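Trainee: Pasting an experimental structure with its sequence.
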Amino acid sequence: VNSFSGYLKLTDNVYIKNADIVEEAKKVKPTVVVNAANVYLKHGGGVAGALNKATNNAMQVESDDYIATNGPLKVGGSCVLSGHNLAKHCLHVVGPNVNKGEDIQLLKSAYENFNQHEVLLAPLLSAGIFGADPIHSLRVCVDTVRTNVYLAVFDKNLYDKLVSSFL
Ligand SMILES: OC[C@@H]1C=CCCN1c1ncnc2[nH]ccc12
Ligand SMILES: [Cl-]
């Protein structure tokens, strides 16, 4: 039993809700919140910009030190950093950005990072400003993640389409 509330159950381990991931994380304080990161951990917009703003830019400060030490992430890769005031940890995961021409096949590799954590609050990877089809992103999530994932979908219209079209 966990403290996530109001989710629809898609499979044994995947749940979905219309919610603002920032507001969700502040309420639940999950062990892990997933960020829709880029390889440079430059949290300018989309989910990443919103999560970083909610940390008063502390996420960006920590991320800049991470990059200065380790260099960029790989597309499909991840790193674990602090969750600041939002969660214990933030799993920064880089899905392919279709608007940069990155290979959508890497979306499965991106979701595989979730399997290293027993429970996560997450967005759909490569959705929104990353330019992938969110219906596809949900399909890959369900077919790749085996741990317990609570998916927050900000847009109410998109959420209804995701549910009504889910196979
Ligand atoms: O697929 C990512 C998704 C789709 C469109 C825009 C960003 N996205 C978000 N998903 C969940 N919570 C969010 N809070 C702020 C943004 C946000
Ligand atoms: Cl985004």
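Mentor: Right, received. Where do you want to start? Numbering: from 1, shown residues only. Ligands and ions are numbered 1, 2, ... in the order given.
Trainee: Enumerate the residues of the protein near ligand 1.
Mentor: With CB under 6 Å from any ligand atom as the criterion, the chain meets ligand 1 at residues 20-22, 36, 46-47, 50, 123-124, 127-128, 152, 154. Quick note: C-beta positions are derived from backbone N, CA and C, even for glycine.
Trainee: what about residue 29, distance to residue 45?
Mentor: Counting by CB to CB, to the nearest Å, the gap from residue 29 to residue 45 is 24 Å.
Trainee: scratch that, residue 89
Mentor: Distance from residue 89 to residue 45, by CB to CB: 22 Å.
Trainee: Which of those two has more residues huddled nearby?
Mentor: Between residue 89 and residue 45, residue 89 has the larger neighbour count (other CB atoms under 10 Å), namely 18 against 12.
Trainee: what about the nearest residue to residue 114 once chain neighbours are set aside, distance to ligand 1?
Mentor: Of all residues not flanking residue 114 in the chain, residue 145 sits nearest, at 4.6 Å (CB to CB, 6 or more residues apart in numbering). To ligand 1, residue 145 is 15 Å away according to CB to the nearest ligand atom, to the nearest Å.
Trainee: Which strand or helix spans the residue nearest to residue 123 when sequence neighbours are not counted?
Mentor: Using CB to CB, 6+ apart and skipping the chain neighbours, the partner closest in space to residue 123 is residue 47 (4.9 Å). Secondary structure from DSSP states H and E places residue 47 in helix 46-54.
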